Amino acid sequence: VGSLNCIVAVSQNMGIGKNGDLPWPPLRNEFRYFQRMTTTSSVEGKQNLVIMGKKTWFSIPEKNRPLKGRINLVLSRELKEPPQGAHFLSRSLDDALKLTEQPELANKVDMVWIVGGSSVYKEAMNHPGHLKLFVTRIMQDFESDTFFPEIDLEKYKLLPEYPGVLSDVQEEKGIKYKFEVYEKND
Ligand SMILES: COc1cc(N(C)C[C@@H]2CCC3=C(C2)C(N)=N[C@@H](N)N3)cc(OC)c1OC
C-alpha cells in the first residue's frame, strides 16, 4: 500500500527556492530530517517512492541524485524521456499514482513522498484522499522565486504529535525552525 505524503521546508514568506537552490544557507539537520523521513521503510521488500517536478530534480546536486534507497520519479509535461538517474517519468500526479499498481511499481512501493515543487504540491493538495503534509517552518523571511501554496487551516488539521517528529524549536546557524504535521482526508 502506502500513504500519500508531502514534505516541504518553507520560509515565513512561504518561499521554497531561489535560482535553483534553497533560499537559506544549508541547514544540516533539516537535510537529515528530510533524508530520514523519505528513506525510512520498515516493510521488508519495499522502498518509498519520491515524486518530484523537473525544477526540484535539477535543484538537487548531481552528487545526490538519484536519492539513494528510494524509487525516483520525475513529473513533467516537457521532458521527452526520464532524466539520467531517474527511474520513471510521468506526465501527471494521476499517472504516477496509476503507475504504482502496474506490475513493477506495486509489489515494490511502501510510502509515496511528494518532495516538490510548487506545481506538484498544488496538484497533490487538490487530490482526493487522505494526504499528510510534513512542514518545516523556517522562522525568517528569505528572498525566493518559488513558493508553497497557503494551507487552508480550516481544511487541513495540525497533528499535535506524530511518531518520529520533534516537537521542539530547532536552531542552526542562528535560524530557528520547527517541524509540523498536517492532515486531510476527502
Ligand atoms: C542544496 O543542496 C541540496 C538540495 C536538495 N534539495 C533542493 C531538495 C530539498 C532538501 C530539503 C527539503 C526538501 C527538498 C523538502 N522537500 N522538504 C524538506 N523538509 N526539506 C537536496 C539535497 O540533498 C538531498 C541537497 O544536498 C544536500
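Going by Swiss-Prot, the residues shown for chain A are 2-187, listed in order.
Backbone N, Cα and C atoms are what each Cβ position is placed from, and that goes for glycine too.
Lifted from Swiss-Prot, the feature list:
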- 4-185: domain 'DHFR' (DOMAIN)
- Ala10, 16-22, 55-57, 77-79, 117-124: NADP(+) binding site (BINDING)
- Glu31, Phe32, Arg33, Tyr34, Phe35, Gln36, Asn65, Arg71: substrate binding site (BINDING)
Cβ neighbour count (within 10 Å, all chains shown) around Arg71 (substrate binding site): 22
Filtered binding-site residues, from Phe32, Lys56, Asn65, whose Cβ is under 6 Å from an atom of ligand 1: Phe32, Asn65
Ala10 (NADP(+) binding site): secondary structure state under DSSP, collapsed to three categories: strand
C-alpha spacing of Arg33 (substrate binding site) relative to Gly118 (NADP(+) binding site), in angstrom: 19
Rounded Cα-Cα span from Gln36 (substrate binding site) to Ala10 (NADP(+) binding site), Å: 13
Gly21 (NADP(+) binding site) versus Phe35 (substrate binding site) - Cα distance in angstrom: 18
Same-chain residues at least 6 apart in sequence whose Cβ lies under 8 Å from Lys56 (NADP(+) binding site): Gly18, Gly21, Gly117, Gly118, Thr147
Rounded inter-Cα distance in Å - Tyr34 (substrate binding site), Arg78 (NADP(+) binding site): 30
